[PDB]
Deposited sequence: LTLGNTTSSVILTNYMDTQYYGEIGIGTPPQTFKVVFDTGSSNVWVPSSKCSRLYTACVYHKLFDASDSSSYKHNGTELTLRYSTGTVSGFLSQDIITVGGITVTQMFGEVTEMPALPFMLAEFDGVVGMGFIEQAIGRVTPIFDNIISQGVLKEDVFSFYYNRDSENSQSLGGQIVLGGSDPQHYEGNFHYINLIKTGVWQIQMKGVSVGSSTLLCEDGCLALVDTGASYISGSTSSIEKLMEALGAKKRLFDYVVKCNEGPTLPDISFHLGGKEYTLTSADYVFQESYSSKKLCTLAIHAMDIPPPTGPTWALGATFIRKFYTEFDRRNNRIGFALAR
């Protein structure tokens, strides 16, 4: 007998405002993994004991220590703008919070040092739709919905500033982590956590996305990202400069930087300089990083902006599967 009355919370660790990860258990007895809960991907994967560079520094799933394991073996490749992993399919029981689900997942045998050496987590729990799942593997949240345990077919994200690192709620939202009410925006289409964006303002003027654009709400992305063209105009308006990997401003100029507003649904979602500048110094002789970068996301998802951790820290986000919508409320 299953009742639709469960809301399960998962505590997240915040690593340097760029990586938010929690724990999942795989197998019998459970093998624990640190995972990023990512709305921009639809597959579950962890490094495998069968792995070979980055595998030496992470926890590895050993199917031979699990009584609940079911062999599959189908080859799996997950390719993204952030990185590419490869491996094979396996089935086992996955526990997330208090929910236990039989899940088809990827045992990763190919983990490149770039960017996986920089990862403090072991794997990724894809929070996206089946439409974007590689190998048409049923995503974890669809398997949780099938169970009929959830109070609501929603999941929410709280990302704290770098003390609770963050929290994911399965089956609802935590009113202790937001203020006021949620404002909802319907998805353009089911299959992707993406909504229409009406404009991007720098200061009081609509400088970008003037004829509208797309916004992927991506929990696994560290930063806000835009296309090369959009980011070039944004960075020139901020007076930011491209160093080796990131855009920087002179630390003394950081607090004076203009507000950046994203016009979504019938509301402006504003990030002040404090929300997007890693203000590690106030010195005129030091360089301060911006939590914004360019990413040319390929079709079908892109060209699109991606609202990552930079955005989520400011706005508590609810991903609603029953109504195909995303809700935002000011985080606390």
Deposited-sequence segments unaccounted for in the coordinates:
53-55, 166-170
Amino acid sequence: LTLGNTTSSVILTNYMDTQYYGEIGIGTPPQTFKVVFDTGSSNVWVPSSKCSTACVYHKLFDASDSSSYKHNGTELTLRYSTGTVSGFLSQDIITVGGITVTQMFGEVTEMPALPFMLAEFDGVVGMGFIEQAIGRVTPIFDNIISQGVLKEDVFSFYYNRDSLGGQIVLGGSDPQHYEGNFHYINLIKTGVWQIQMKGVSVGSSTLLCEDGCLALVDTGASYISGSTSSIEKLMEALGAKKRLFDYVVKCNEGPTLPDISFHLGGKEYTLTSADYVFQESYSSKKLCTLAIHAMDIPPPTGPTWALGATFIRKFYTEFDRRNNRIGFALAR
From here on, numbers count along this sequence of modelled residues.
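Throughout, rigid core stands for the largest set of C-alpha atoms superposing within 1.5 Å between the two forms.
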Fit on the core, then compare CA atoms: does 247-255 or 76-84 lie farther from this form in 9 other deposited structures of this protein?
76-84
C-alpha RMS from this form in 9 other deposited structures of this protein, rigid core superposed: larger for 31-39 or 53-61?
53-61
Among the other entries of this protein that were compared (only those with both neighbours built), does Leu330 lack coordinates in at least a third?
no
Any chance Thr109 is unbuilt in a third or more of the other entries we compared?
no
Residue range whose averaged C-alpha B-factor is higher in the record, 31-39 or 261-269:
261-269
Please compare 69-77 with 242-250 and name the stretch with the higher mean C-alpha B-factor in the deposited structure.
242-250
Per the deposited entry, the peak Cα B-factor within the set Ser222, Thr138, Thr102, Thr206 goes to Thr206
According to the deposited entry, which of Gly106, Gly226, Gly171, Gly148 has the largest Cα B-factor?
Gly148
Against its chain's modelled residues, does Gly123's Cα B factor rank lowest, middle or highest third?
lowest
Would you mind checking where the Cα B-factor of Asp211 ranks among the modelled residues of its chain, as the lowest, middle or highest third?
highest
Relative C-alpha B-factor of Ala306, binned into the chain's lowest, middle or highest third
lowest
Going by what the PDB entry lists, where does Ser9 fall on CA B-factor within its chain: lowest, middle or highest third?
highest
Tertile call for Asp218 (CA temperature factor, within chain, third-based) is the middle
